[PDB]
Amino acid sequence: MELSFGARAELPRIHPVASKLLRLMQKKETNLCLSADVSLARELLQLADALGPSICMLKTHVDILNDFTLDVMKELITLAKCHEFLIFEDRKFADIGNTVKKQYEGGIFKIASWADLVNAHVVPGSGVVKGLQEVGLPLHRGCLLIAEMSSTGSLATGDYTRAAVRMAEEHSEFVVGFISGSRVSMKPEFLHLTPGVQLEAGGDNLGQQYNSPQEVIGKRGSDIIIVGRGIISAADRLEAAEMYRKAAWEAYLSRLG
């Protein structure tokens, strides 16, 4: 009784951004999000173009790009359109509502102008969502709430995770899903994206902990895997991206029946 991505795209209460994402996931047979954690625009754009066909989403940290310009994001949008993926700026908004409005819309980055999706921490209360929504809703954008984290010592557990789910439910015109390690909402309209994913077990020296695609998608019920170093540090990023795509997509299919 679990709906395919394609069916989820047609759900009555689905956000237009999620519906576009779910349709291209189904069409392209990819539930992989590339975490393009690179410091040079040329590498960001070469990864986006080569791996574009293999991904449903490209997750950015534009505040690490040494040569950021708006023209770089224009070229990135051209590739997102060509290859059909969404752009997700992983900014983790977590300030008071009044402040996040200007961070999302303005400054040098003008995130709301090119980011299909942003994410936000729920620790400040619902004002963080309300502030972002004042910019994002008129621009037809979506937001993800951070309901759990993959890093050691995370405090996003128990009642904190529950607060994030309730917050999402109550703001469904803008909040389209979660960053979590597992399915945290029983409503199929919400997307679940899981970072801290690698084919092999382990972590890093700065608190990151990894789980496999089959575990996160197949057993823990998430929709999309967010993968950075497992792809970016490989020699052949395209075959690495294809390996992760096949793992996550088959895990999804075997969960469907």
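Each residue number is its position in the shown sequence, starting from 1. Note that the rigid core is defined as the largest set of C-alphas that superpose within 1.5 Å between two forms.
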Inset, instruction - On a core superposition, give the stretch, 156 to 164 or 135 to 143, with the larger average C-alpha separation from this form in 7 other deposited structures of this protein (RMS over structures and residues). - result: 135 to 143
Legend entry - Between the two ranges 205 to 213 and 60 to 68, the one averaging a larger CA B factor in the entry: 205 to 213
Legend entry - Entry-level comparison of average CA B-factors, 49 to 57 and 195 to 203, reporting the higher stretch: 195 to 203
Legend entry - Selection by C-alpha B-factor (highest) of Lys110, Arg91, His171, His121: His171
Inset, instruction - From the list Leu117, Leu132, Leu145, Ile96, select the residue with the highest C-alpha B factor recorded in the entry. - result: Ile96
Inset, instruction - Could you look up the Cα B-factor of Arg229 in the entry and say which third of the chain it sits in: lowest, middle or highest? - result: lowest
Legend entry - Entry-reported Cα temperature factor of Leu139, expressed as the chain third it lands in: highest
Legend entry - Entry-reported Cα temperature factor of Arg13, expressed as the chain third it lands in: highest
Legend entry - Third assignment of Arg245 from its chain's C-alpha B-factors: lowest
Inset, instruction - Comparing against every modelled residue in the chain, figure out the third that the C-alpha B-factor of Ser154 lands in (lowest, middle or highest). - result: middle
